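Before any questions on binding or motion, here is one chain by itself as structure tokens, the form deposited in one PDB entry.
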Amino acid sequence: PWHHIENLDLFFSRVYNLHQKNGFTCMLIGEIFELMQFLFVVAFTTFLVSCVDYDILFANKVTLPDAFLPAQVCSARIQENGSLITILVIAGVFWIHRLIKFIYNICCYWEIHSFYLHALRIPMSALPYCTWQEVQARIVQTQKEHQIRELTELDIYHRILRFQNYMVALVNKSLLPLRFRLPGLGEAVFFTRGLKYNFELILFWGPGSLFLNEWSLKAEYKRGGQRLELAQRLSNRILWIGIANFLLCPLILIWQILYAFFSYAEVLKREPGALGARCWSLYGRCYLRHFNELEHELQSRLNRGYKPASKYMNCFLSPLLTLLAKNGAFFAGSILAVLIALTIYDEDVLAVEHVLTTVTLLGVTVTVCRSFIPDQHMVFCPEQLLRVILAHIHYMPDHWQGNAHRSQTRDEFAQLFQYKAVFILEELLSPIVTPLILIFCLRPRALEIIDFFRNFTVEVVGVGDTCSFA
């Protein structure tokens, strides 16, 4: 590929994304699936609402296609529902918008698919078996062939990760709200995934934002006098985008409930210790992140620190919770063992009214409670394995060096390394909470955001306008 390309940020970000998606054809059949996964969840849940007759399926030998309605009625009953057509049109417009954007990506990743072949000499077979240090070093020393002088291996880092080094400095300085006292829990920590998307939509995307192009910001934000007129323009902007989150609040809420039922409700019956496992929260991914550190380099420490940190949390379980788990598993296991031994004896105490759903619900009640009960012979693991976690993730809040066994070291660590089911809970609440905390919580901090981009923005001569901390 060719002489003096127009955008060295969107180019290098797609060179990196092609390597991490393990090739062109793997990313292509990958991103087909999420367009099909959106289309499956919307079309199958619309068929369940309108076109399955449950009176035949519940009460009234019957076959499984006897419940289903014919296609001349399947397409008819769906249309005298003005709410559901309004759901299907706005879902349909968003989907064809996501279909146009995908065809635009195939034309653009094919030009970088040919960058590996014809300029870096790396096939799509050898590409999942290269590291990034392979792919990066091909770009650096072949710059005599393609212009695209002696940049650095560092100046490719500032271009792939320019707008990620701002979210590191906005979280470490608490210029984004991220934490709220509510009565009942204490100090809760927000910053879910749909909230981080808005923070760059306030700050980095569009003509009316900062950053007129993707590599330099406005000249407005470097002049002084503290410019409350310039800080006011950001202040009403969070309104018009925050009102947009409030009007689109009911339709993102429908999507998060549908997606959680289709991807977690069967895992509840089999293995509810899966949802009792923990995962590094998005607040923790922005707290343990370094400056100019790629997305696969963050994960290489967050997989190595997963194994100690998941057993650090297991040796702090609540005495009141374990005690309710052991005696709740006794009372449910005792009526199971009566019903289990009564089914083995005669096998006709099944098909009496509620017995088969009672074994199903008591069997998952016992399965939940066995997850809450820790290991009986759990080595209580002298609680400076926190110096093993500090070797992998490199930031501890400094109160934790000798106080590793308290509750001001256990409750602050669960803000970084939350449950899986709390992560499920914060994604369903996310359409509700996000327009409230942009309007009421982010707008008072607008004068410190505008002053942040004045004082900490350093222009480096090759890359452009970077964060000062990075």
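For every residue, the number given is its place in the sequence shown, counted from 1. Under this definition, the rigid core comprises the largest set of C-alpha atoms superposing within 1.5 Å between the forms.
* Would you mind checking whether any residues of the deposited sequence sit unmodelled between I87 and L88, and how many (none, 1 to 3, 4 to 9, 10 or more)? => Per the record, no deposited residues are absent between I87 and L88.
| request: Answer with none, 1 to 3, 4 to 9, or 10 or more: how many deposited residues between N60 and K61 are not present in the coordinates. | output: 10 or more residues are missing.
The protein also exists as the form deposited in another entry; that form is not presented, and the subsequent description refers to it.
Q) Which of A188, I90, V140, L324 has its C-alpha displaced by 2 Å or more between the shown form and the other one after core superposition? A) Comparing both forms, the shifted residue turns out to be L324.
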